[PDB]
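What follows are structure tokens for two forms of the same protein chain, given separately as structure 1 and structure 2.
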Structure 1
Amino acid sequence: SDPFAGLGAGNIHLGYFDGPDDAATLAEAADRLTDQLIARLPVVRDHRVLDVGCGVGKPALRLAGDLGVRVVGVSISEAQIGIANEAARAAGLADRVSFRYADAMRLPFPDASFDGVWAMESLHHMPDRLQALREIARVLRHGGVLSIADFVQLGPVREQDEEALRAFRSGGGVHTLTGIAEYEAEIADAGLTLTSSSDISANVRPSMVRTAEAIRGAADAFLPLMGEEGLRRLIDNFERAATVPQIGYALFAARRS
């Protein structure tokens, strides 16, 4: 779906495991990665946070319920916006958390209008990621903070895996995929001051095969929301990722001075 590839009701984010002994459920691992990104966003109650690439809205709701922040989440997917808003209503947080349309490259907010920005597994969807980071720096007030989770490429791919990589990128809407150095360089070029940088590939990659397995076991019930091809591409996305070891994962924190 080019710009909409990887977005929709099936936009599922990965999880965090601590070794091969973990034995945490997929939902527990998913909450743990969210909690890892929350730890990198030093906001407090009544701060205002912009959630770029809100997915289905669950991380924004966990952030709001944990830290007491107000959240506006954005996406180009009307399905994601609708799902997220209904989730906020169900969670009794509609007065603190809302979702609306926006292209992250042209954020419809004034300058210095947010205390924080949250971008979990979202910035890879932007064809011009630097422009998105510049818009983030614009809407952050001075002293505003940013917390990013995203895929990174740890190095070149062995030729036998090269087309699995392109499948993963095409199917998942990974329009921007770089190494850590380029990511850190873009953050600085956008006017943001990097405050932390964590390579958590070893903790996150195990969640890829397990997420594929969970979707396989749910075939019967997913097919209403997504066609047989939608569910196939969904399962393929995560199984592709599990086969290419160079598809890593990193958390970044930054501050606008």
Structure 2
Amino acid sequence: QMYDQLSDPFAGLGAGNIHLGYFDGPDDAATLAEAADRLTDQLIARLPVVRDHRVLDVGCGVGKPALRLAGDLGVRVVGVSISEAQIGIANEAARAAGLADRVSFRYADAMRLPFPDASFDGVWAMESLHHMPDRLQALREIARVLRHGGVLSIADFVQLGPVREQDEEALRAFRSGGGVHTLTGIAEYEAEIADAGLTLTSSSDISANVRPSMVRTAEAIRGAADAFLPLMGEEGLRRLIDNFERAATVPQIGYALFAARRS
């Protein structure tokens, strides 16, 4: 519901990216849209696939990360989402870049993947698995469609520890507004990957590199009030902004990059 409504405006705050950014710290002079493309690059380093490999983009957004994958690495990409609106935009972006024969997007719920077993050489889940009610079932479906020796690269949120009473309400606003159905610590995350049948190969805590994205995204929204206001209204937009601004006050909100292999 959330996505179909506001995808247009958010996609555009990050050029075509619907995910956060990677900075060298708060005093970094990279644009939000630049920091978003830097995050795509950081996850590409965790996905050792080569030309002609077939990759599944779980939670594809409007397809810019997927298209970047096909351009840099030469992989065929099938992206899945649950927003029919996003899929139509993503497939046209692929037609626009002349990659329709390499990159396609279809409807699919990551918890019941509509693909045969071992049909993909790699899986790519950028900032999407926290929308899953049962994250373990999504990882189990991911391992199933991965061929033996296939690789997985996850970018996602994590909780670095328990939140103090004074920040309880800011966490709750972050989880309800951001659609964060699953949020766990790194230990609990690494354990699920193993329980799904995947052998962990990388684990990067990049929380400090991503935390600025919270504050800077709020500033971009204010600058984009013209695009957001008609779709929400002053009261709805002020709360959206506030959700981000409060989320930045929770230091236990982190971010991790994982890489795994199928046995």
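Residues that one form lacks are left out of the comparison. Rigid core here is just the name for the largest C-alpha set that superposes within 1.5 Å across the two forms. Numbers follow structure 1, counted from its first residue as 1.
**Student:** Given structures 1 and 2, which represents the form solved in complex with S-adenosyl-L-homocysteine?
**Tutor:** Pick structure 2; the other is not the form solved in complex with S-adenosyl-L-homocysteine.
**Student:** Upon rigid core superposition, which of the listed residues (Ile200, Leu231, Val209, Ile38) is displaced by 2 angstroms or more at its Cα between structure 1 and structure 2?
**Tutor:** Looking at each option in turn, only one qualifies, and it is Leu231.
**Student:** Using the rigid core as the reference frame, would you say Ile247 shifts its C-alpha by 2 Å or more between structure 1 and structure 2?
**Tutor:** Result for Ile247: no, shift under 2 Å.
**Student:** Align on the rigid core first; then say whether the Cα of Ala188 has moved by at least 2 Å between structure 1 and structure 2.
**Tutor:** Where the cores coincide, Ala188 shows only a C-alpha shift between structure 1 and structure 2 that is less than 2 Å.
**Student:** On a core-based superposition, does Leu14 travel 2 Å or more at its Cα between structure 1 and structure 2?
**Tutor:** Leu14: C-alpha displaced by less than 2 Å between structure 1 and structure 2.
**Student:** Could the core-superposed CA displacement of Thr25 between structure 1 and structure 2 be given in angstrom, to one decimal?
**Tutor:** That residue's C-alpha is offset by 1.3 Å.
**Student:** Rigid-core fit: what Cα movement does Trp118 have between structure 1 and structure 2, in Å to one decimal?
**Tutor:** Superposing on the rigid core gives a C-alpha shift of 0.1 Å for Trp118.
**Student:** Residue runs between structure 1 and structure 2 with every C-alpha shifted 2 Å or more, at least 3 long, rigid core fitted, in sequence order please.
**Tutor:** These are the shifted runs between structure 1 and structure 2: 1-12, 19-22, 221-241.
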